[PDB]
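Dropping input25.cif in here (mmCIF, C-alpha atoms):
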```cif
data_model
loop_
_atom_site.group_PDB
_atom_site.id
_atom_site.type_symbol
_atom_site.label_atom_id
_atom_site.label_comp_id
_atom_site.auth_asym_id
_atom_site.auth_seq_id
_atom_site.Cartn_x
_atom_site.Cartn_y
_atom_site.Cartn_z
ATOM 1 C CA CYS S 701 -7.335 -44.570 -12.867
ATOM 2 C CA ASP S 702 -10.220 -42.863 -14.678
ATOM 3 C CA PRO S 703 -12.684 -40.822 -12.553
ATOM 4 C CA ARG S 704 -15.700 -41.388 -14.823
ATOM 5 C CA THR S 705 -15.052 -45.126 -15.212
ATOM 6 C CA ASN S 706 -13.648 -46.030 -11.768
ATOM 7 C CA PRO S 707 -15.502 -43.899 -9.192
ATOM 8 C CA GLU S 708 -15.203 -46.351 -6.292
ATOM 9 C CA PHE S 709 -11.437 -45.859 -6.036
ATOM 10 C CA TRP S 710 -11.907 -42.083 -5.832
ATOM 11 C CA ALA S 711 -14.580 -42.613 -3.175
ATOM 12 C CA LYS S 712 -12.107 -44.739 -1.205
ATOM 13 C CA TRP S 713 -9.414 -42.068 -1.584
ATOM 14 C CA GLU S 714 -11.835 -39.409 -0.312
ATOM 15 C CA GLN S 715 -12.711 -41.706 2.599
ATOM 16 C CA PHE S 716 -9.013 -42.097 3.416
ATOM 17 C CA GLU S 717 -8.589 -38.324 3.203
ATOM 18 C CA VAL S 718 -11.491 -37.579 5.537
ATOM 19 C CA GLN S 719 -10.124 -40.109 8.020
ATOM 20 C CA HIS S 720 -6.531 -38.952 7.384
ATOM 21 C CA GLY S 721 -5.947 -35.636 5.645
ATOM 22 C CA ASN S 722 -6.471 -31.900 5.685
ATOM 23 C CA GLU S 723 -7.884 -29.167 3.458
ATOM 24 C CA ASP S 724 -4.543 -28.871 1.636
ATOM 25 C CA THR S 725 -4.376 -32.573 0.786
ATOM 26 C CA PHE S 726 -8.056 -32.443 -0.170
ATOM 27 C CA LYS S 727 -7.341 -29.558 -2.556
ATOM 28 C CA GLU S 728 -4.437 -31.593 -3.935
ATOM 29 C CA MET S 729 -6.773 -34.534 -4.521
ATOM 30 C CA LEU S 730 -9.266 -32.277 -6.331
ATOM 31 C CA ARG S 731 -6.402 -30.925 -8.458
ATOM 32 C CA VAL S 732 -5.191 -34.419 -9.354
ATOM 33 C CA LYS S 733 -8.765 -35.521 -10.116
ATOM 34 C CA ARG S 734 -9.318 -32.547 -12.431
ATOM 35 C CA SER S 735 -5.965 -33.069 -14.170
ATOM 36 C CA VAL S 736 -6.554 -36.801 -14.685
ATOM 37 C CA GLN S 737 -10.142 -36.246 -15.859
ATOM 38 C CA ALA S 738 -8.818 -33.672 -18.329
ATOM 39 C CA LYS S 739 -6.109 -36.105 -19.468
ATOM 40 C CA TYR S 740 -8.568 -38.898 -20.249
ATOM 41 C CA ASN S 741 -10.700 -36.690 -22.535
ATOM 42 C CA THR S 742 -9.688 -38.609 -25.650
ATOM 43 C CA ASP S 743 -12.136 -39.940 -28.216
ATOM 44 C CA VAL S 744 -11.565 -43.619 -27.385
ATOM 45 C CA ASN S 745 -11.831 -43.004 -23.639
ATOM 46 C CA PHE S 746 -15.052 -41.027 -24.095
ATOM 47 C CA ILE S 747 -16.345 -43.949 -26.180
ATOM 48 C CA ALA S 748 -15.405 -46.394 -23.413
ATOM 49 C CA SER S 749 -16.981 -44.161 -20.749
ATOM 50 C CA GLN S 750 -20.298 -43.892 -22.596
ATOM 51 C CA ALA S 751 -20.213 -47.620 -23.398
ATOM 52 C CA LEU S 752 -19.848 -48.580 -19.732
ATOM 53 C CA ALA S 753 -22.328 -45.880 -18.646
ATOM 54 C CA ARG S 754 -25.050 -47.282 -20.890
ATOM 55 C CA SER S 755 -23.926 -50.849 -20.131
ATOM 56 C CA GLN S 756 -24.504 -50.558 -16.376
ATOM 57 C CA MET S 757 -28.083 -49.378 -16.985
ATOM 58 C CA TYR C 1112 25.917 -4.797 -27.658
ATOM 59 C CA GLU C 1113 26.444 -8.556 -27.515
ATOM 60 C CA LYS C 1114 27.376 -8.554 -23.825
ATOM 61 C CA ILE C 1115 24.499 -6.646 -22.230
ATOM 62 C CA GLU C 1116 23.027 -8.618 -19.344
ATOM 63 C CA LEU C 1117 19.336 -7.775 -19.445
ATOM 64 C CA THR C 1118 18.822 -8.105 -15.676
ATOM 65 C CA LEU C 1119 21.632 -5.641 -14.937
ATOM 66 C CA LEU C 1120 20.319 -3.420 -17.727
ATOM 67 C CA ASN C 1121 16.875 -3.556 -16.117
ATOM 68 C CA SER C 1122 18.376 -2.550 -12.768
ATOM 69 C CA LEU C 1123 20.316 0.409 -14.197
ATOM 70 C CA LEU C 1124 17.290 1.542 -16.193
ATOM 71 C CA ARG C 1125 15.245 1.307 -13.002
ATOM 72 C CA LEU C 1126 17.870 3.582 -11.474
ATOM 73 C CA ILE C 1127 17.432 6.365 -13.993
ATOM 74 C CA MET C 1128 13.693 6.217 -14.696
ATOM 75 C CA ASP C 1129 10.343 4.773 -13.662
ATOM 76 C CA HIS C 1130 10.186 1.007 -13.282
ATOM 77 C CA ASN C 1131 7.392 0.680 -15.862
ATOM 78 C CA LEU C 1132 9.611 2.177 -18.567
ATOM 79 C CA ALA C 1133 12.530 -0.025 -17.510
ATOM 80 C CA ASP C 1134 10.320 -3.117 -17.536
ATOM 81 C CA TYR C 1135 8.993 -2.218 -20.994
ATOM 82 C CA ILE C 1136 12.483 -1.695 -22.386
ATOM 83 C CA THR C 1137 13.913 -4.916 -20.956
ATOM 84 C CA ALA C 1138 10.897 -6.931 -22.090
ATOM 85 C CA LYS C 1139 11.266 -5.338 -25.522
ATOM 86 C CA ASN C 1140 14.894 -6.469 -25.840
ATOM 87 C CA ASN C 1141 13.822 -10.076 -25.188
ATOM 88 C CA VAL C 1142 12.004 -11.018 -28.392
ATOM 89 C CA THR C 1143 12.137 -13.767 -31.006
ATOM 90 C CA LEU C 1144 14.344 -12.982 -33.993
ATOM 91 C CA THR C 1145 13.216 -14.719 -37.187
ATOM 92 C CA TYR C 1146 14.927 -14.820 -40.569
ATOM 93 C CA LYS C 1147 13.257 -17.131 -43.096
ATOM 94 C CA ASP C 1148 13.132 -20.565 -41.504
ATOM 95 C CA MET C 1149 15.428 -19.660 -38.596
ATOM 96 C CA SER C 1150 14.141 -18.325 -35.283
ATOM 97 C CA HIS C 1151 15.568 -17.893 -31.806
ATOM 98 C CA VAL C 1152 14.846 -15.970 -28.634
ATOM 99 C CA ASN C 1153 17.258 -13.119 -27.890
ATOM 100 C CA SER C 1154 17.822 -13.298 -24.138
ATOM 101 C CA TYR C 1155 21.407 -11.975 -24.052
ATOM 102 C CA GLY C 1156 22.420 -8.594 -25.409
ATOM 103 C CA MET C 1157 20.406 -5.646 -26.640
ATOM 104 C CA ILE C 1158 18.433 -5.137 -29.833
ATOM 105 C CA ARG C 1159 19.992 -2.275 -31.759
ATOM 106 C CA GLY C 1160 16.942 -1.901 -34.004
ATOM 107 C CA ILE Q 290 19.659 -22.855 -16.756
ATOM 108 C CA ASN Q 291 22.632 -22.272 -14.501
ATOM 109 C CA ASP Q 292 22.272 -21.665 -10.785
ATOM 110 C CA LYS Q 293 24.372 -18.470 -10.876
ATOM 111 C CA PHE Q 294 21.420 -16.557 -12.355
ATOM 112 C CA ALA Q 295 19.593 -16.809 -9.030
ATOM 113 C CA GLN Q 296 22.690 -15.673 -7.147
ATOM 114 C CA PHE Q 297 23.129 -12.889 -9.706
ATOM 115 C CA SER Q 298 19.578 -11.662 -9.215
ATOM 116 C CA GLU Q 299 19.830 -11.969 -5.445
ATOM 117 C CA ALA Q 300 22.893 -9.741 -5.316
ATOM 118 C CA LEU Q 301 21.286 -7.018 -7.408
ATOM 119 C CA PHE Q 302 18.126 -7.023 -5.327
ATOM 120 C CA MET Q 303 20.054 -6.792 -2.072
ATOM 121 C CA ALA Q 304 22.332 -4.171 -3.584
ATOM 122 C CA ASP Q 305 19.313 -2.201 -4.757
ATOM 123 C CA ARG Q 306 17.741 -2.267 -1.312
ATOM 124 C CA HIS Q 307 21.040 -1.345 0.316
ATOM 125 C CA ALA Q 308 21.510 1.610 -2.012
ATOM 126 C CA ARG Q 309 18.032 2.907 -1.238
ATOM 127 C CA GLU Q 310 18.637 2.625 2.494
ATOM 128 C CA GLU Q 311 21.944 4.463 2.212
ATOM 129 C CA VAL Q 312 20.375 7.188 0.091
ATOM 130 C CA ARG Q 313 17.548 7.692 2.566
ATOM 131 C CA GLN Q 314 19.941 7.985 5.493
ATOM 132 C CA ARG Q 315 22.139 10.438 3.635
ATOM 133 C CA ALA Q 316 19.054 12.357 2.531
ATOM 134 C CA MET Q 317 17.677 12.672 6.041
ATOM 135 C CA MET Q 318 21.144 13.444 7.381
ATOM 136 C CA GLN Q 319 21.392 16.282 4.870
ATOM 137 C CA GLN Q 320 18.114 17.843 5.929
ATOM 138 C CA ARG Q 321 19.265 17.884 9.557
ATOM 139 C CA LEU Q 322 22.231 20.055 8.595
ATOM 140 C CA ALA Q 323 19.883 22.155 6.467
ATOM 141 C CA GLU Q 324 17.475 22.949 9.273
ATOM 142 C CA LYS Q 325 20.352 23.409 11.708
ATOM 143 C CA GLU Q 326 21.965 25.885 9.326
ATOM 144 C CA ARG Q 327 18.656 27.716 8.980
ATOM 145 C CA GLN Q 328 18.341 27.940 12.759
ATOM 146 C CA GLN Q 329 21.884 29.286 13.011
ATOM 147 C CA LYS Q 330 21.180 31.961 10.413
ATOM 148 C CA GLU Q 331 17.932 32.845 12.173
ATOM 149 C CA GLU Q 332 19.809 33.156 15.460
ATOM 150 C CA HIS Q 333 22.365 35.438 13.817
ATOM 151 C CA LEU Q 334 19.568 37.553 12.352
ATOM 152 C CA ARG Q 335 17.948 37.764 15.781
ATOM 153 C CA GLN Q 336 21.258 38.896 17.265
ATOM 154 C CA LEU Q 337 21.632 41.455 14.486
ATOM 155 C CA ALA Q 338 18.057 42.587 15.107
ATOM 156 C CA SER Y 337 1.617 -61.234 30.849
ATOM 157 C CA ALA Y 338 1.850 -64.967 30.081
ATOM 158 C CA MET Y 339 4.115 -65.644 33.071
ATOM 159 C CA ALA Y 340 1.778 -63.603 35.284
ATOM 160 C CA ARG Y 341 -1.271 -65.565 34.108
ATOM 161 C CA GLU Y 342 0.538 -68.915 34.368
ATOM 162 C CA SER Y 343 1.700 -68.336 37.955
ATOM 163 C CA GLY Y 361 -4.328 -41.689 19.851
ATOM 164 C CA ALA Y 362 -6.265 -44.083 17.633
ATOM 165 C CA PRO Y 363 -5.860 -42.093 14.358
ATOM 166 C CA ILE Y 364 -2.690 -40.562 12.946
ATOM 167 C CA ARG Y 365 -2.241 -36.954 11.860
ATOM 168 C CA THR Y 366 -0.366 -35.230 9.078
ATOM 169 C CA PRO Y 367 1.352 -32.065 10.349
ATOM 170 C CA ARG Y 368 -0.180 -28.943 8.850
ATOM 171 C CA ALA Y 369 1.886 -26.795 6.525
ATOM 172 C CA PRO Y 370 2.803 -23.551 8.337
ATOM 173 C CA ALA Y 371 1.061 -20.357 7.265
ATOM 174 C CA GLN Y 372 4.417 -18.580 6.969
ATOM 175 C CA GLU Y 373 5.634 -21.463 4.768
ATOM 176 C CA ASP Y 374 3.054 -20.813 2.053
ATOM 177 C CA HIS Y 375 5.770 -20.488 -0.580
ATOM 178 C CA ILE Y 376 3.401 -19.217 -3.285
ATOM 179 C CA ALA Y 377 2.251 -16.214 -1.244
ATOM 180 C CA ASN Y 378 5.796 -15.726 0.059
ATOM 181 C CA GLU Y 379 7.121 -15.379 -3.485
ATOM 182 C CA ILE Y 380 4.126 -13.177 -4.350
ATOM 183 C CA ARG Y 381 4.989 -10.688 -1.628
ATOM 184 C CA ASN Y 382 8.711 -10.956 -2.406
ATOM 185 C CA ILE Y 383 8.192 -10.063 -6.073
ATOM 186 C CA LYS Y 384 5.709 -7.348 -5.095
ATOM 187 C CA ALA Y 385 8.378 -5.984 -2.743
ATOM 188 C CA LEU Y 386 11.227 -6.155 -5.267
ATOM 189 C CA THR Y 387 9.292 -5.073 -8.381
ATOM 190 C CA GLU Y 388 7.028 -2.128 -7.472
ATOM 191 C CA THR Y 389 9.720 -0.178 -5.684
ATOM 192 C CA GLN Y 390 10.462 2.960 -7.803
ATOM 193 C CA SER Y 391 13.938 4.389 -8.355
ATOM 194 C CA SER Y 392 16.365 3.824 -5.505
ATOM 195 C CA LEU Y 393 17.705 7.372 -5.861
ATOM 196 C CA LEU Y 394 14.466 8.646 -4.329
ATOM 197 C CA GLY Y 395 15.141 6.770 -1.109
ATOM 198 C CA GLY Y 396 12.033 5.857 0.832
ATOM 199 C CA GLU Y 397 11.213 2.845 2.951
ATOM 200 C CA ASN Y 398 12.145 -0.565 1.603
ATOM 201 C CA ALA Y 399 9.176 -2.909 1.466
ATOM 202 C CA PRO Y 400 9.234 -5.491 4.284
ATOM 203 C CA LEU Y 401 9.850 -8.873 2.687
ATOM 204 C CA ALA Y 402 8.654 -11.748 4.877
ATOM 205 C CA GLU Y 403 10.691 -14.945 4.612
ATOM 206 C CA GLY Y 404 10.263 -16.766 7.926
ATOM 207 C CA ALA Y 405 12.455 -19.848 7.563
ATOM 208 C CA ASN E 49 3.203 -20.658 -32.343
ATOM 209 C CA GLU E 50 1.123 -19.241 -29.494
ATOM 210 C CA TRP E 51 -2.088 -21.276 -29.695
ATOM 211 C CA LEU E 52 -2.279 -24.187 -32.121
ATOM 212 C CA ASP E 53 1.069 -25.893 -31.436
ATOM 213 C CA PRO E 54 0.313 -29.344 -29.949
ATOM 214 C CA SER E 55 2.992 -28.827 -27.285
ATOM 215 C CA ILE E 56 0.923 -26.043 -25.700
ATOM 216 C CA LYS E 57 -0.684 -26.974 -22.377
ATOM 217 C CA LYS E 58 -4.187 -25.493 -22.178
ATOM 218 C CA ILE E 59 -5.147 -27.191 -18.884
ATOM 219 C CA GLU E 60 -5.306 -25.383 -15.561
ATOM 220 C CA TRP E 61 -1.985 -24.850 -13.851
ATOM 221 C CA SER E 62 -0.426 -27.021 -11.176
ATOM 222 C CA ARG E 63 1.167 -25.801 -7.976
ATOM 223 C CA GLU E 64 4.593 -26.993 -9.133
ATOM 224 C CA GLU E 65 4.353 -24.891 -12.291
ATOM 225 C CA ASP E 66 3.231 -21.946 -10.140
ATOM 226 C CA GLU E 67 6.291 -22.356 -7.915
ATOM 227 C CA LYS E 68 8.582 -22.559 -10.947
ATOM 228 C CA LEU E 69 6.895 -19.581 -12.619
ATOM 229 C CA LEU E 70 7.161 -17.278 -9.616
ATOM 230 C CA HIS E 71 10.715 -18.433 -8.903
ATOM 231 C CA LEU E 72 11.837 -17.705 -12.466
ATOM 232 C CA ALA E 73 9.973 -14.397 -12.671
ATOM 233 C CA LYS E 74 11.949 -13.406 -9.594
ATOM 234 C CA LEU E 75 15.173 -14.653 -11.219
ATOM 235 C CA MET E 76 14.800 -12.915 -14.608
ATOM 236 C CA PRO E 77 12.643 -9.792 -14.277
ATOM 237 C CA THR E 78 10.432 -9.143 -17.341
ATOM 238 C CA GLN E 79 12.395 -11.630 -19.450
ATOM 239 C CA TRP E 80 9.272 -13.569 -20.326
ATOM 240 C CA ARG E 81 10.384 -15.198 -23.583
ATOM 241 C CA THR E 82 13.307 -16.643 -21.613
ATOM 242 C CA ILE E 83 11.113 -17.936 -18.794
ATOM 243 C CA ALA E 84 8.515 -19.493 -21.095
ATOM 244 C CA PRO E 85 10.584 -22.461 -22.427
ATOM 245 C CA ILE E 86 11.777 -23.269 -18.904
ATOM 246 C CA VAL E 87 8.340 -23.146 -17.262
ATOM 247 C CA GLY E 88 6.699 -25.192 -19.986
ATOM 248 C CA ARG E 89 4.095 -22.838 -21.421
ATOM 249 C CA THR E 90 4.104 -19.892 -23.827
ATOM 250 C CA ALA E 91 5.149 -16.359 -22.896
ATOM 251 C CA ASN E 92 1.638 -14.919 -22.878
ATOM 252 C CA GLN E 93 0.369 -17.850 -20.791
ATOM 253 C CA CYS E 94 3.085 -17.311 -18.184
ATOM 254 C CA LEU E 95 2.539 -13.537 -18.234
ATOM 255 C CA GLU E 96 -1.217 -13.750 -17.781
ATOM 256 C CA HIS B 919 22.383 -21.294 -25.666
ATOM 257 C CA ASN B 920 25.883 -20.953 -24.221
ATOM 258 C CA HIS B 921 24.739 -18.031 -22.095
ATOM 259 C CA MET B 922 21.835 -20.092 -20.760
ATOM 260 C CA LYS B 923 24.152 -22.981 -19.917
ATOM 261 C CA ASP B 924 27.335 -21.213 -18.778
ATOM 262 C CA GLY B 925 25.502 -18.660 -16.668
ATOM 263 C CA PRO B 926 25.690 -14.876 -16.576
ATOM 264 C CA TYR B 927 29.259 -14.028 -17.477
ATOM 265 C CA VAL B 928 29.001 -10.804 -15.471
ATOM 266 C CA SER B 929 29.753 -12.129 -12.000
ATOM 267 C CA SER B 930 27.728 -11.022 -8.993
ATOM 268 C CA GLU B 931 30.416 -8.802 -7.472
ATOM 269 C CA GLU B 932 31.049 -7.117 -10.837
ATOM 270 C CA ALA B 933 27.351 -6.348 -11.278
ATOM 271 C CA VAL B 934 27.109 -5.063 -7.702
ATOM 272 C CA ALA B 935 30.153 -2.815 -8.185
ATOM 273 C CA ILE B 936 28.752 -1.423 -11.452
ATOM 274 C CA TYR B 937 25.364 -0.802 -9.819
ATOM 275 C CA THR B 938 26.884 0.995 -6.835
ATOM 276 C CA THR B 939 29.108 3.073 -9.124
ATOM 277 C CA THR B 940 26.023 4.182 -11.048
ATOM 278 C CA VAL B 941 24.199 4.900 -7.773
ATOM 279 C CA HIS B 942 27.027 7.044 -6.396
ATOM 280 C CA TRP B 943 27.406 8.928 -9.673
ATOM 281 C CA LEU B 944 23.672 9.577 -9.953
ATOM 282 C CA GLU B 945 23.342 10.840 -6.392
ATOM 283 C CA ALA B 946 26.438 13.002 -6.883
ATOM 284 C CA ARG B 947 24.809 14.849 -9.796
ATOM 285 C CA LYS B 948 21.462 15.104 -7.919
ATOM 286 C CA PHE B 949 19.643 13.448 -10.809
ATOM 287 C CA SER B 950 15.852 13.498 -10.624
ATOM 288 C CA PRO B 951 14.515 10.199 -12.025
ATOM 289 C CA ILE B 952 12.248 10.304 -15.063
ATOM 290 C CA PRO B 953 8.569 9.887 -14.119
ATOM 291 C CA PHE B 954 6.035 7.936 -16.075
ATOM 292 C CA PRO B 955 4.375 10.102 -18.757
ATOM 293 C CA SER B 956 1.391 11.439 -16.848
ATOM 294 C CA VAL B 957 -2.211 11.594 -18.021
ATOM 295 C CA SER B 958 -2.349 15.281 -18.924
ATOM 296 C CA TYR B 959 1.288 16.344 -19.624
ATOM 297 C CA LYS B 960 0.621 18.813 -22.520
ATOM 298 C CA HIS B 961 4.002 18.317 -24.227
ATOM 299 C CA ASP B 962 2.868 14.742 -25.030
ATOM 300 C CA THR B 963 0.998 15.853 -28.124
ATOM 301 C CA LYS B 964 4.003 17.769 -29.438
ATOM 302 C CA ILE B 965 6.262 14.821 -28.618
ATOM 303 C CA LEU B 966 3.772 12.572 -30.387
#
```
Transcribe the structure of this file into structure tokens.
Amino acid sequence: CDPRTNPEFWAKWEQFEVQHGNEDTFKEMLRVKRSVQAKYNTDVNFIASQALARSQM
Amino acid sequence: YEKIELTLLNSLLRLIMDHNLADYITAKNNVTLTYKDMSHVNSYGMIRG
Amino acid sequence: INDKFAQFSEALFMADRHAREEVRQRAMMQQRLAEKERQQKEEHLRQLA
Amino acid sequence: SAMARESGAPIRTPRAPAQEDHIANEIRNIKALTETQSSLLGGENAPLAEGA
Amino acid sequence: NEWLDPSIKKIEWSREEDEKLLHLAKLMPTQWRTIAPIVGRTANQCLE
Amino acid sequence: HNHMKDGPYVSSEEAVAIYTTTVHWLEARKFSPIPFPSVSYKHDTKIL
């Protein structure tokens, strides 16, 4: 999943973590979010992100 | 020269002198040897040069 | 890499610590004899005095 | 219940133990077994904390 | 070899790579060019 | 590569015996270990 294209899934994961999780699992989820967001920094994925960002407005 | 284990060498060098000098010497013996288009890391044995 | 490396390193570290402990004990044991010897000589000097 | 009539909410993940922080454990182990000077001097060995 | 090689990971480290790095630095003291291929970064990256 | 695969050929007991032999020899001769070259240490310049 892409954080800047699919934010609702990350919101649901944070909701699951605040109902069931700790500070260590929360830090793990931040680490995975940062790593995945860094992974999807390609040119085509940036193009798709900006396309959907200006499409929803 | 071929059969110097660098960890054991680091320990014996730590025995005779300060651990900074021993660490410098053992890290100096672990370098990349390059000749033309060939290159490899020397992790076993000492560098005689 | 092979597992033996870890075992290798472990042994050296334990051995190193053990050696230090032994040295310290022997060192402090030596100084006991030293001060005892000094006291004995002092006692002899006092007797001679 | 049918024959009588006829006649915690959330779940918890266990916390990782403070002694089981393996990163800090290896930090203090390497700091114990690296900055130790020559063993001929003697001196107190650094207390390495392993726990389990 | 140290910067521009496309196999070089310039992202922030993971906890698994931290565990491997500290474990190997305890295994092979100051043998950083040996540790670097195993960890998955360069020697200066692992050192720093 | 064969040393990386087939492990340290110096076994653990051999390395421990060599280390303890060096320790016993060095304490027998009352060897003072070499310090780090200090900040002042006049002889430095001549050595340099």
Contact residues around residue C:1155 with all atoms listed in the file at 9 Å, ignoring same-chain residues under 3 positions, as a PyMOL selection string
(chain C and resi 1113-1117+1140-1141+1152) or (chain B and resi 921-922)
Could you write out the selected residues, including C-alpha atoms, as a compact mmCIF listing (two decimals), in the frame of the given file?
```txt
# COMPACT_ATOMS: atom_id res chain seq x y z
CA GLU C 1113 26.44 -8.56 -27.52
CA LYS C 1114 27.38 -8.55 -23.82
CA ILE C 1115 24.50 -6.65 -22.23
CA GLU C 1116 23.03 -8.62 -19.34
CA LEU C 1117 19.34 -7.78 -19.44
CA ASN C 1140 14.89 -6.47 -25.84
CA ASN C 1141 13.82 -10.08 -25.19
CA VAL C 1152 14.85 -15.97 -28.63
CA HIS B 921 24.74 -18.03 -22.10
CA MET B 922 21.84 -20.09 -20.76
```
Would you list the contacts of residue E:63 as an MDAnalysis selection string, taking every protein, DNA or RNA residue within 12 Å and counting only C-alpha atoms, but skipping same-chain residues closer than 4 positions in sequence?
(chainID S and resid 724 727:728 731:732 735) or (chainID Y and resid 374:377) or (chainID E and resid 67:70)
Enumerate as a PyMOL selection string the residues belonging to chain Q that approach chain Y to within 8 Å, with all atoms listed in the file taken into account.
chain Q and resi 302+305-306+308-313+316
Once you count only C-alpha atoms, which residues of chain E turn out to be within 12 Å of chain B? Could you give them as a VMD selection string?
chain E and resid 75 to 76 82 to 83 85 to 86
Report the residues retrieved by the PyMOL selection byres ((chain B) within 6 of (chain Q)) from the displayed file, expressed as a list in words.
residues 922, 923, 925 and 930 of chain B
With the file shown as input, list the residues that the PyMOL selection byres ((chain C) within 8 of (chain E)) selects, as a CSV table (one decimal) with C-alpha atoms, keeping the file's coordinate frame.
```csv
chain,number,residue,atom,x,y,z
C,1117,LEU,CA,19.3,-7.8,-19.4
C,1118,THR,CA,18.8,-8.1,-15.7
C,1121,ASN,CA,16.9,-3.6,-16.1
C,1134,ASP,CA,10.3,-3.1,-17.5
C,1135,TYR,CA,9.0,-2.2,-21.0
C,1137,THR,CA,13.9,-4.9,-21.0
C,1138,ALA,CA,10.9,-6.9,-22.1
C,1141,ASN,CA,13.8,-10.1,-25.2
C,1142,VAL,CA,12.0,-11.0,-28.4
C,1143,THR,CA,12.1,-13.8,-31.0
C,1152,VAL,CA,14.8,-16.0,-28.6
C,1154,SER,CA,17.8,-13.3,-24.1
```
Could you state which residues are captured by the PyMOL selection byres ((chain C) within 10 of (chain Q)) in this file, as a PyMOL selection string?
chain C and resi 1118-1119+1122-1123+1125-1126
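In terms of minimum interatomic distance to residue E:66, Y:380 ranks closest within Y:339, Y:380, Y:361, Y:390, counting all atoms listed in the file.
Here atom CA of residue S:742 is placed at a distance of 23.3 Å from atom CA of residue S:711.
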Report, in Å with one decimal, the straight-line distance from atom CA of residue C:1129 to atom CA of residue B:951.
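Here the two named atoms are 7.0 Å from each other.
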I want to know what sits within 12 Å of stretch 715-717 of chain S, based on only C-alpha atoms, with residues of the same chain fewer than 4 positions away left out; could you give that as an mmCIF file with C-alpha atoms, keeping the file's coordinate frame?
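Wrote part.cif, looks like this:
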```cif
data_model
loop_
_atom_site.group_PDB
_atom_site.id
_atom_site.type_symbol
_atom_site.label_atom_id
_atom_site.label_comp_id
_atom_site.auth_asym_id
_atom_site.auth_seq_id
_atom_site.Cartn_x
_atom_site.Cartn_y
_atom_site.Cartn_z
ATOM 1 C CA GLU S 708 -15.203 -46.351 -6.292
ATOM 2 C CA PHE S 709 -11.437 -45.859 -6.036
ATOM 3 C CA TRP S 710 -11.907 -42.083 -5.832
ATOM 4 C CA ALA S 711 -14.580 -42.613 -3.175
ATOM 5 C CA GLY S 721 -5.947 -35.636 5.645
ATOM 6 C CA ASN S 722 -6.471 -31.900 5.685
ATOM 7 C CA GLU S 723 -7.884 -29.167 3.458
ATOM 8 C CA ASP S 724 -4.543 -28.871 1.636
ATOM 9 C CA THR S 725 -4.376 -32.573 0.786
ATOM 10 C CA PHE S 726 -8.056 -32.443 -0.170
ATOM 11 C CA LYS S 727 -7.341 -29.558 -2.556
ATOM 12 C CA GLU S 728 -4.437 -31.593 -3.935
ATOM 13 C CA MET S 729 -6.773 -34.534 -4.521
ATOM 14 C CA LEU S 730 -9.266 -32.277 -6.331
ATOM 15 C CA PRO Y 363 -5.860 -42.093 14.358
ATOM 16 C CA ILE Y 364 -2.690 -40.562 12.946
ATOM 17 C CA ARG Y 365 -2.241 -36.954 11.860
ATOM 18 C CA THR Y 366 -0.366 -35.230 9.078
#
```
Just to confirm, what's the straight-line distance from atom CA of residue B:953 to atom CA of residue C:1128 in Å (one decimal)?
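That distance, rounded to one decimal, is 6.3 Å.
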List every protein, DNA or RNA residue with an atom no more than 10 Å from (-8.1, -22.9, -13.3) in the file's coordinates, counting all atoms listed in the file, and format the result as a list in words.
residues 731 and 734 of chain S; 59, 60, 61 and 62 of chain E
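With distances taken over only C-alpha atoms, S:733 is the one residue among S:733, S:747, S:714, S:752 lying closest to chain E.
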Identify all chain B residues at most 8 Å from chain C by counting only C-alpha atoms; ligands do not count. Present them as number ranges by chain.
B: 921, 926, 928, 933, 937, 940-941, 951-954
Just write the chosen residues, C-alpha atoms, as a compact mmCIF listing (two decimals), keeping the file's coordinate frame.
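Output (result20.txt):
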```
# COMPACT_ATOMS: atom_id res chain seq x y z
CA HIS B 921 24.74 -18.03 -22.10
CA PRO B 926 25.69 -14.88 -16.58
CA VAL B 928 29.00 -10.80 -15.47
CA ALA B 933 27.35 -6.35 -11.28
CA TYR B 937 25.36 -0.80 -9.82
CA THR B 940 26.02 4.18 -11.05
CA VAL B 941 24.20 4.90 -7.77
CA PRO B 951 14.52 10.20 -12.02
CA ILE B 952 12.25 10.30 -15.06
CA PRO B 953 8.57 9.89 -14.12
CA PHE B 954 6.04 7.94 -16.08
```
Go through S:744, S:719, S:757, S:749 one by one, measure the shortest atom-to-atom distance of each to chain Y using all atoms listed in the file, and give the residue with the smallest value.
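Result for the nearest residue to chain Y: S:719.
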